[PDB]
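Residue numbers (full-length UniProt numbering), protein chains in the order written: chain R, 24 to 148; chain X, 24 to 148; chain U, 2 to 95; chain D, 2 to 212, 218 to 317; chain Z, 13 to 472; chain W, 2 to 65, 78 to 141, 154 to 215, 217 to 223; chain S, 2 to 65, 78 to 141, 154 to 215, 217 to 223.
C-beta: ideal position from N, C-alpha, C; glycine also.
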Amino acid sequence: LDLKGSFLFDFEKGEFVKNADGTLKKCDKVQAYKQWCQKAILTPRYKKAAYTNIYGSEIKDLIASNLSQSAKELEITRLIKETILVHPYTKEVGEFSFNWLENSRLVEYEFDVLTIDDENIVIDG
Amino acid sequence: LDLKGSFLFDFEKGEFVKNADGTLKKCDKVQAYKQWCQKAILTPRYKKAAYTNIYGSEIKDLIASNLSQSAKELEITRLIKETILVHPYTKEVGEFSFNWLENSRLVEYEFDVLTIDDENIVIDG
Amino acid sequence: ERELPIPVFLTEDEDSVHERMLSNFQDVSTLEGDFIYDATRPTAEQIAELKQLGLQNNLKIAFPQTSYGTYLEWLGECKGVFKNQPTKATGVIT
Amino acid sequence: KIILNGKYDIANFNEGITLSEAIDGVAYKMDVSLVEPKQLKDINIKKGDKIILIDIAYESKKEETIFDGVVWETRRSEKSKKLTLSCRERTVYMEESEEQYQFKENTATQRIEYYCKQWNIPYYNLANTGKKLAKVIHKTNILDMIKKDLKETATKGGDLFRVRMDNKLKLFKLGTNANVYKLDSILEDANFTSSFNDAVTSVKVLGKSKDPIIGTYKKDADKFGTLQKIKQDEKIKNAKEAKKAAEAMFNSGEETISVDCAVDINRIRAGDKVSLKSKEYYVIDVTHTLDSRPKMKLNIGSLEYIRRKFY
Amino acid sequence: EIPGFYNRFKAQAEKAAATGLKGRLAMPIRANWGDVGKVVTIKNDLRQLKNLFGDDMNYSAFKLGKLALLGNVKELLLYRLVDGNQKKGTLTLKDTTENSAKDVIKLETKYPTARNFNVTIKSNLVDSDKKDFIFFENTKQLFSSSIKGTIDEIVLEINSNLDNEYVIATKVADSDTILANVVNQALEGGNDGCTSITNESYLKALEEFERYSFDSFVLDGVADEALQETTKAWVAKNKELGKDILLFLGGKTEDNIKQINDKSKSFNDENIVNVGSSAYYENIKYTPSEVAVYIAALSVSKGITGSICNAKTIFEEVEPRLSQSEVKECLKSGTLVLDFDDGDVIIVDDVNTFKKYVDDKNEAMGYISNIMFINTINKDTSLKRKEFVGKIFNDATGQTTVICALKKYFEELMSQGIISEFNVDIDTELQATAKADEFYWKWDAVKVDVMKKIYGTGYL
Amino acid sequence: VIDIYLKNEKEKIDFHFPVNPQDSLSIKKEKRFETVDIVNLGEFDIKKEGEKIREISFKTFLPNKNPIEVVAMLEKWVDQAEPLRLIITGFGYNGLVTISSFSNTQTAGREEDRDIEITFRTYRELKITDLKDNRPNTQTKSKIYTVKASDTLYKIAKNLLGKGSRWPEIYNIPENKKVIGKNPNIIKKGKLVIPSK
Amino acid sequence: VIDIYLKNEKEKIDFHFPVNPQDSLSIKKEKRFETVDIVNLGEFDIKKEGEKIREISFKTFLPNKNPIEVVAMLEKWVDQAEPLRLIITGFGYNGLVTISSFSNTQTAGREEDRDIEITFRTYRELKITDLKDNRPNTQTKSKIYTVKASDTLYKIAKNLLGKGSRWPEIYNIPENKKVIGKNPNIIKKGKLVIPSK
């Protein structure tokens with residue numbers, strides 16, 4: 024598999040976190056994976072020409088769509104799941120929850136499950 | 024495919040449109056295609072010996088027929104569709120509508136769809 | 002018009018250029034969407050676009066076998082050949 | 002549609018007919034299956050009876066004799082009164098009658114004429130194959146001798162010829178059929194098979210007879231590799247003969263199409279030149295089956311592979 | 013026509029696509045052509061607009077009408093604003109045989125204008141006893157016909173043929189011989205009246221529009237502060253009369269974001285909208301006032317169900333391009349801002365100028381869709397009112413019938429999925445003193461809003 | 002609240018079923034396995050790694078678009094090679110599918126209506154460390170493109186044809202060669219360009 | 002308003018069904034596909050390019078032409094190789110078909126009537154840049170032609186036999202050689219001429 028790490032990017036500030044030495048703050052495999060997941064979720068699909076069709080999501084395009092509330096919930100689940108699952112490190116993403124707090128303003132939750140979260144059988148002959 | 028253009032023929036005047044130079048007004052591929060479609064619709068089938076059986080329609084013969092109103096609607100749809108679709112440039116013809124305005128005097132609409140009107144999938148490996 | 006042969010370098014693939022760029026990385030991840038990929042991929046894409054369009058156009062206009070327009074006019078001027086110029090229509094009006 | 006026999010018309014009894022031929026087959030073969038009630042049993046069809054099948058030809062849509070041969074074998078079932086025939090044209094006689102002949106240097110056409118003259122076989126004006134054959138002594142069947150000298154004629158640059166009987170013996174060149182039919186329009190199913198199974202890229206001739219002729223004539227060694235053979239025939243007694251034999255052996259391996267047609271082109275026969283898609287191929291084998299729905303199946307291949315394998 | 017088979021062909025653009033549209037809009041357009049000083053209704057047909065007001069892009073008529081039609085408005089109520097000094101192109105043609113060259117025919121354009129309409133008459137080559145009467149618009153031929161030489165037939169033929177929607181003939185005097193041959197004689201003396209429109213002239217258009225009914229009103233691509241204030245007062249007055257008119261405005265071209273926000277804060281009525289960004293279309297720049305036409309058209313076309321919170325506009329480029337902080341500042345200020353996102357110009361958040369208070373449930377009044385919903389309900393309620401004021405007996409049965417009608421109208425609204433819950437009952441407080449000429453009732457409803465934002469949280 | 006949306010892509014149509022799927026919706030799942038029986042031990046079950054093509058079938062009626082036009086639309090879609098996107102809200106299904114069988118019926122009464130009985134199949138695409158190619162590629166664009174101001178032919182190739190280096194396929198078309206100048210690098214706004223296939 | 006018209010061509014008959022098709026009409030459409038299952042991926046669906054032969058079946062009764082003659086007519090048409098044109102007005106079907114199975118029944122009562130149960134098959138012709158040959162060729166003419174004043178034998182050949190150069194097929198028939206003069210170019214009005223086949 025041999026996945027590798029990356030450098031932190033504080034999305035709150037929109038800038039790379041750098042040590043006092045001036046070098047960018049290196050991060051572990053899982054940290055880089057989480058950063059990539061957030062970036063891919065924030066990246067629209069088919070629109071940023073630097074990427075292939077695999078990368079990105081289509082959540083923003085869904086806002087203008089005319090599908091119903093539950094249809095939009097299913098579309099959000101499908102879009103987030105498809106966007107995340109391209110990464111090899113991903114095992115499963117699910118347990119989606121939704122809360123239409125105001126009349127038409129939504130909050131949704133999801134769980135991402137890693138390949139390392141798998142459970143291994145213990146046996147040998 | 025390599026379809027080619029033709030010269031305009033103003034069916035309102037029944038004469039070729041010619042430039043001030045005296046040459047006939049050349050037209051694009053799609054314009055010649057539309058001219059051909061109108062001419063084929065206006066050309067009766069099996070009766071003008073210069074053409075094969077493929078070219079022409081049989082709309083005029085249907086007027087004297089004894090079939091009912093809806094049967095005549097279906098016959099008109101079939102005849103126009105068959106007459107138009109022989110051209111390679113045609114993709115689909117349909118969305119037929121009818122309006123028996125007076126007791127037995129009819130107005131009908133149709134849509135012709137070109138090969139260029141098709142929609143193409145965007146993907147490459 | 003003769004078909005222009007092109008060097009292999011000028012028709013290089015974008016993915017090949019990006020792979021050549023990314024060959025040196027072995028510690029940091031180079032996955033699509035990663036920051037290294039973000040820094041490197043647009044450079045490779047622009048390199049491929051420029052190399053395929055501009056340089057090949059230069060090669061095309063270089064020689065008279067494939068030049069055109071003002072370029073072909075200049076290459077005719079190299080050996081002193083001018084293209085015939087147009088004239089205004091003339092006549093009499095009553 | 003019409004099965005003349007000697008006098009009668011047994012087309013009113015046949016469940017089906019299958020006209021089958023191979024490029025190297027013994028004879029044009031018709032296998033007609035019949036029901037055998039009292040009426041058909043009365044005439045007492047025996048082996049050696051002469052069957053003529055007449056059907057509307059594809060070319061001009063006129064009734065023409067598509068098969069003219071002899072009943073080589075009859076098999077009768079008793080519990081179910083189904084008489085089955087397996088008709089053959091009279092080239093089957095030549096494939097069974099053995100004879101020994103000694104021949105000097107001459108062409109294949111002269112040898113075929115000599116065989117027909119000796120055995121009183123009617124024959125049309127035989128095409129001049131042109132190629133000159135070496136002296137040989139033969140013992141195999143008359144059809145075996147004819148096939149052997151035709152193979153030796155294909156070697157040395159001669160055209161590919163095949164012998165078919167009809168009413169009188171005919172020397173049929175392969176690529177000389179009148180109509181080059183196109184099978185793509187009625188293509189029920191096709192099986193394009195390609196291979197290096199019988200590919201020949203090189204050949205090292207080792208002459209057993211003098212003009218010490220020895221050489222190698224590798225043709226596509228760089229591409230497919232040196233797929234080499236050794237041709238060690240006594241009949242090659244010449245340098246040009248060796249070169250032409252080598253050139254009449256190179257091929258890119260087996261390249262055939264197992265074509266299945268939903269409509270029976272009636273006049274197709276082995277060796278005919280037929281088209282599928284833009285390309286043209288020679289009929290290695292054809293198997294018509296004139297059931298209640300006419301149908302045809304074909305096996306076709308390129309000239310190089312056919313020359314390598316069957317010649 | 014004779015019995016038989018006849019057929020014609022038309023472009024797909026010429027389909028009657030006007031079916032299914034919604035909403036009504038008004039405009040005091042500057043026009044080079046068409047009727048002057050009156051309101052006219054167009055059914056969203058570009059050819060109809062072209063025929064009624066020409067196709068001159070320099071004039072506001074065709075330009076802003078095309079933008080409005082691109083907004084999918086069901087009906088556009090256009091008024092030809094004019095400066096005065098109105099004149100129609102006119103020309104007089106004269107007789108040959110009279111040595112004095114008697115004037116026998118006067119031609120005139122159908123409507124006032126300043127376009128270069130011209131006439132060319134030449135001897136008919138087939139027969140000198142006739143002549144060819146060709147009429148031009150600039151160098152372009154516009155209509156041709158050959159007529160008998162008598163004056164009355166010439167005038168009748170010029171007024172008869174189909175392609176004479178531009179010019180009308182009139183007889184000055186009678187004569188026996190054909191008109192004199194002439195080439196490209198302009199119909200001089202006309203005037204479109206678009207030169208130096210006065211500020212006061214808009215009030216005539218407003219007063220003429222008062223008699224009509226429409227969902228919204230937008231200015232003629234003019235950002236004069238006096239006109240904006242006058243239209244604000246006019247819309248307020250019409251609201252006092254029960255006509256709920258929604259106003260759309262756009263700041264001046266040179267106004268920066270600061271000026272736009274100051275203007276939006278200065279007047280914060282929910283019935284007013286400010287456009288804060290210029291746009292480009294067909295390589296032509298459009299000022300915020302001009303863009304307000306398209307914004308109003310889209311808002312009106314969306315009607316009740318739809319909204320322009322993230323509608324992808326027809327525009328191709330915007331100016332200025334705002335950062336997220338500037339976007340927040342403008343939207344908080346009540347400014348409506350178009351934003352560029354991946355090759356698409358998209359309106360943001362549907363807001364209006366009402367953003368100062370938002371002290372309650374008044375929060376919902378800051379968005380255009382809610383105001384349109386309220387105004388449409390008020391208009392329907394007024395329409396049902398005017399059938400019964402002083403015309404149905406004010407007993408319990410009549411009041412129950414009116415309540416049933418209102419409840420069924422709200423049930424039709426329910427069927428559209430617009431509303432989640434509604435209630436309409438008797439206003440017992442006001443009913444204690446009501447009389448025959450008027451009845452009082454109360455209602456409230458929960459509108460279903462268009463989804464606007466999504467918040468995700470990935471637990472990892 | 003249950004709705005059924007069929008979002009076709011090769012034909013930019015989003016069909017919403019006017020009427021719910023009558024009695025019941027049902028979906029089966031069956032794991033891929035096949036028995037193997039060993040001598041003196043008996044049967045054993047061996048999992049197969051792949052997944053199965055499962056169907057969703059129901060039946061509706063189209064009340065008095079007209080039902081005739083809807084039936085024609087669905088019959089046309091039945092022959093479509095590209096997949097349809099089926100979304101069922103209350104049931105919870107969402108994914109690409111394709112129609113195996115479709116049928117309409119007129120009854121003695123209710124002749125305007127058309128009783129429908131349709132079935133679907135789960136769709137899966139055949140493709141020829155790095156990110157997995159799990160995303161379906163179902164996006165469609167018009168076969169004729171209007172060049173914008175900022176566009177370059179490489180950008181058009183990447184946006185509309187994939188790899189980006191596919192631009193000579195666009196250029197080599199004679200219509201494109203005619204509308205475009207002889208220099209591929211220079212292109213103008215407004217002129218129409220035809221992507222291949 | 003629903004009617005069923007069977008417009009035969011080889012026999013110039015236009016049969017209109019006296020009675021509507023009882024309980025219901027139905028028509029199925031099924032796309033051509035067949036599963037392929039790949040190792041470690043599972044089943045996939047592959048479209049097949051052709052179209053399917055679909056059937057229209059119903060059942061009527063012929064009340065007291079007589080039902081016997083109508084049944085004989087339809088039984089004769091069942092053996093016809095040439096196609097029949099089926100038009101169903103309210104249902105919306107229109108196209109060439111051919112009868113696969115036909116059956117009549119007499120009941121204990123109503124003995125004059127004949128209960129009918131008929132089935133049809135969609136018909137497609139085997140034809141074994155330029156315009157496509159999509160048009161069906163179902164037009165029929167009498168096997169004997171009466172020569173008109175303006176006719177020429179080439180014109181007769183093109184009108185009545187296709188290519189126009191097929192005139193020697195008409196001339197070479199001995200009856201045509203007898204009625205026509207020995208000069209093929211010269212022909213007279215009124217004389218009968220027999221097209222081949």
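Please list, in chain order, the residues of the stretch 97-115 of chain S that have any C-beta partner in chain A closer than 9 Å.
Within the model displayed, chain A is absent; protein chains R, X, U, D, Z, W and S are what it includes.
With distance defined between alpha-carbon atoms, name the residue in W:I28, W:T132, W:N162 nearest to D147 (chain X).
Checked all of W:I28, W:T132, W:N162; the closest Cα to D147 (chain X) is W:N162.
Determine, using beta carbons only, whether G51 (chain W) and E35 (chain S) come nearer to each other than 8 Å.
No. Outside cutoff.
Quick check: the Cα distance between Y471 (chain Z) and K95 (chain R), rounded to an integer number of angstroms?
Cα-Cα distance, rounded: 21 Å.
Based on the DSSP secondary-structure assignment, which residues constitute the bridge partners of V37 (chain W)?
BP columns for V37 (chain W) point to W:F45.
Take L24 (chain R) as the anchor and find which of R:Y112, R:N143, R:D44 has the nearest alpha-carbon.
Of the listed residues, the one whose Cα sits closest to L24 (chain R) is R:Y112.
How far does the beta strand (DSSP E) with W123 (chain X) in it extend, from its first residue to its last?
Here the beta strand (DSSP E) through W123 (chain X) covers 113-123.
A49 (chain U) touches chain W at which residues, Cβ-Cβ below 9 Å?
In chain order: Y179, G189, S190.
Any beta carbon of chain U sitting closer than 8 Å to that of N9 (chain W)?
Not an interface residue.
Under a three-way DSSP split, which group does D84 (chain X) fall into?
DSSP places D84 (chain X) in helix when its eight states are reduced to three.
Going along chain W, which residues have a C-beta under 9 Å from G148 (chain X)?
By Cβ distance, chain W contributes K140, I141, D158, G187, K188.
Would you say the stretch 427-435 of chain Z touches the stretch 444-451 of chain Z, given that touching needs at least three Cβ pairs under 8 Å?
No: fewer than three Cβ pairs fall under 8 Å.
Which whole runs of the alpha helix (DSSP H) in the stretch 152-182 of chain Z are 4 residues long or more, in chain order?
If we require 4 residues or more, the alpha helix (DSSP H) runs fully inside the stretch 152-182 of chain Z come out as 163-170.
Considering Cα atoms alone, identify which of Z:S213, Z:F145, Z:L37, Z:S225 is closest to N196 (chain Z).
The shortest Cα separation from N196 (chain Z) among Z:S213, Z:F145, Z:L37, Z:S225 belongs to Z:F145.
For the stretch 37-65 of chain S, enumerate the residues whose C-beta is nearer than 9 Å to any C-beta of chain W, in chain order.
Residues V37, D38, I39, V40, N41, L42, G43, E44, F45, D46, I47, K48, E50, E52.
Measure the C-alpha to C-alpha separation of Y196 (chain W) and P65 (chain U) and round it to an integer number of angstroms.
Rounded to the nearest angstrom, the two C-alpha atoms are 21 Å apart.
Give, in chain order, every residue of the stretch 5-34 of chain W whose Cβ lies closer than 7 Å to some Cβ of chain S.
Answer in chain order: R33.
Leaving out five residues before and five after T66 (chain D) in sequence, what residues of the same chain have Cβ atoms less than 6 Å from its Cβ?
Answer for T66 (chain D): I53, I55, listed in chain order.
For a test of the three-state rule: what should DSSP assign to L231 (chain Z), helix, strand or coil?
Reduced to three states, the DSSP call for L231 (chain Z) is coil.
If you follow the alpha helix (DSSP H) that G77 (chain Z) is part of, which residue opens it and which one closes it?
Segment 72-82, the alpha helix (DSSP H) holding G77 (chain Z).
Does DSSP classify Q23 (chain W) as helix, strand or coil?
Coil.
Would you call the stretch 71-80 of chain Z and the stretch 158-178 of chain Z in contact, with 3 or more CB pairs under 8 Å?
Cβ pair count under 8 Å is below three, so no.
Out of X:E131, X:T138, X:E38, X:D140, which has the shortest C-alpha to C-alpha gap to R20 (chain Z)?
Measuring from the Cα of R20 (chain Z), the nearest candidate turns out to be X:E131.
Tell me the DSSP bridge mates of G108 (chain W)?
Answer is W:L99.
Among Z:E149, Z:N390, Z:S319, whose alpha-carbon lies nearest the alpha-carbon of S88 (chain R)?
Cα-wise, what sits closest to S88 (chain R) is Z:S319.
For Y179 (chain S), which of helix, strand or coil comes out of DSSP?
Residue state, collapsed to three classes: helix.
Give the secondary structure of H110 (chain X) by DSSP, where H, G and I count as helix, E and B as strand, and everything else as coil.
Coil, per DSSP.
Is there a C-beta anywhere in chain W that falls below 8 Å from the one on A94 (chain R)?
Chain W, which has a Cβ nearer than 8 Å to the Cβ of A94 (chain R), makes this yes.
Where does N203 (chain Z) sit, in a helix, a strand or coil, going by DSSP?
Here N203 (chain Z) sits in strand by DSSP.
So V2 (chain S) contacts chain X; which residues on that side make the cut at Cβ distance below 9 Å?
Neighbours of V2 (chain S) on chain X, chain order: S91, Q92, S93.
By alpha-carbon positions, which one of D:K83, D:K148, D:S186, D:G49 ends up nearest to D69 (chain D)?
Looking at the Cα atoms, D:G49 is the closest of the given residues.
Rounded to a whole number of angstroms, what is the C-alpha to C-alpha distance between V363 (chain Z) and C50 (chain X)?
Roughly 50 Å between the two C-alpha positions.
Return yes when at least one heavy atom of the ligand COA lies under 7 Å from the C-beta of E82 (chain W), else no.
The ligand COA is not among the ligands present in this structure, which contains no ligands whatsoever.
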